[PDB]
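Okay, structure first, notes after.
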Amino acid sequence: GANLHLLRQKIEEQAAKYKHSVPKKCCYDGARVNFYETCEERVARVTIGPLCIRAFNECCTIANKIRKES
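Residues 2 to 71 in the working numbering are what the sequence shown spells out, letter by letter.
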């Protein structure tokens with residue numbers, strides 16, 4: 002299956018680029034598996050704030066790429 006160590010490491014690395022806790026959490030949340038929707042569909046649902054949205058989408062994108070490169 003997908004390399005979970007790698008996924009965790011890359012998401013940790015990205016989260017470190019955000020200054021504050023809420024965008025870090027948004028990143029982690031975007032990185033969680035979702036079998037039914039793409040990153041664009043998922044982030045379209047989130048309205049917490051623009052930095053949160055950016056983090057969610059970027060981390061979603063990173064995670065899903067690692068999942069598909071299994």
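Backbone N, C-alpha and C fix where the C-beta goes; we use that ideal spot for every residue, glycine too.
- Between the alpha carbons of residue 15 and residue 40 lies a distance of about 16 angstroms.
- By the criterion of a C-beta distance shorter than 6 angstroms, residue 60 is surrounded in its chain by 12, 15, 28, 31 and 32, once the five residues flanking it on both sides are discounted.
- Residues of the same chain with a CB within less than 7 angstroms of the CB of residue 54, apart from the 5 flanking positions on each side, are 44 and 47 in chain order.
- Between the alpha carbons of residue 71 and residue 52 lies a distance of about 29 angstroms.
- The closest CA to that of residue 38, considering only 62, 17 and 18, is found on 62.
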